[PDB]
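What follows is one chain in structure tokens, specifically the form deposited in one PDB entry.
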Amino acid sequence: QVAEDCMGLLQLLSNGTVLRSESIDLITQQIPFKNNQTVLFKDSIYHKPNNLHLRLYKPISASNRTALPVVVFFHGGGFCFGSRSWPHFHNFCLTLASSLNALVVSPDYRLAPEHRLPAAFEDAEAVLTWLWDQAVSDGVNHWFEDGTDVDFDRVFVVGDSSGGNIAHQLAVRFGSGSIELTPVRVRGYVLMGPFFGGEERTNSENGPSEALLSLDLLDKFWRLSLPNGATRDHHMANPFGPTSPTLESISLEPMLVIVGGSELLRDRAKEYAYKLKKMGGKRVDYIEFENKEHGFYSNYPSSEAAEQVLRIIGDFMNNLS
């Protein structure tokens, strides 16, 4: 059954889409005299039993000037794909570190179907706990060859797709007071194309397929990721399932939701943000990049839209710091 779902996953993943008419894109040309920056990185184990590693990134010139804020980045891949070492994610983290002048933490987490939800969320908490342990023990001085100065009072979680869901789950666990990791303080959450789900479809979900994502593919991720027999209204997929925690009573930190206008997941993401907005006490910014599909910010690093996302995350961080 799982093995059949895996064969079907391969087919859906590489099916792609067909444009109905001709289109135009803008491409940045090679130009000499580019501005450059160095980023130091290394891997270390954060969970010995599961052999889970994270990658630490430090922008070199920026760490000489002041104490760095921390960005914990959770990669996408529908809970089924991805690694911190994949060029796609590594490149994005290099950009996060240099552009935001931040120490970036990029963890692996256990993947479905071998490890169904909530394994990924458990791993995400172990990452934050590992960070707590490093913070209270002067572990930071041993991260790199030289010294590193980190401000654990300014931590931000940036989640891409499945990682955006992970970010929400953390936001709830912290906001409910269930876990508490002083002196680690997560001041804000960035949810980028967050992989939320529902048994019932939104309008965008019934819309045209994307360059890579289709509704069929998204459904398959949930089928492989959710516990056997769960529906897409399970709280690990749907933040507003009938069981899902009453977020009125929870104190969520500021949230930034960023989505492409042409994304299948746009409506659920917008609905998520505006339900939070209305609840009051909740600072939630919703930002929609017109005509963009899922993961535009990392799929097209040279693009104007990708650069704008980085500036907005930076502004968000500055405002809360």
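Just so we're on the same page, rigid core means the largest C-alpha set that superposes within 1.5 Å between forms. So that there is no doubt, residue numbering starts at 1 and follows the sequence shown.
Annotation: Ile45 does not belong to the positions left without coordinates in a third of the other compared entries; each one with flanking residues models it. In at least one third of the other compared structures of this protein with flanking residues present, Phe33 is left unmodelled. Two stretches are in play, 12-20 and 308-316, and the higher mean C-alpha B-factor belongs to 12-20. Averaged over their C-alpha atoms, the temperature factors of 85-93 and 222-230 are higher for 222-230. By the numbers in the PDB entry, the CA B factor is greatest at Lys277 among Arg55, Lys292, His47, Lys277. Within the selection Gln169, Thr246, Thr129, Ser98, the deposited Cα B-factor values reach their highest point at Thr246. When all modelled residues of the chain are sorted by CA temperature factor, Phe240 is found within the highest third.
For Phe296, the recorded CA B-factor ranks within the lowest third of the chain. Only modelled residues enter the ranking. In this PDB entry, the Cα temperature factor of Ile27 sits in the top third of its chain's modelled residues, the highest group. The deposited CA B-factor of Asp285 belongs to the highest third of values across its chain. In the deposited entry, the Cα temperature factor of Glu180 places it in the middle third of its chain's modelled residues.
From this point on, the text means the form deposited in another entry, which you will not see here.
Of the residues listed here (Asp233, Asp133, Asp153, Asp216), only one shifts its CA by 2 angstroms or more between this form and the one not shown after fitting on the rigid core, and it is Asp153.
Once the rigid core is overlaid between this form and the one not shown, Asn15 counts among the residues whose Cα shifts by 2 Å or more. The distance between the CA atoms of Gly77 and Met7 is at least 3 Å shorter in the other entry than in the form shown here. If you compare C-alpha positions, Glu205 and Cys6 are 3 angstroms or more closer together in the other entry than in the form on display.
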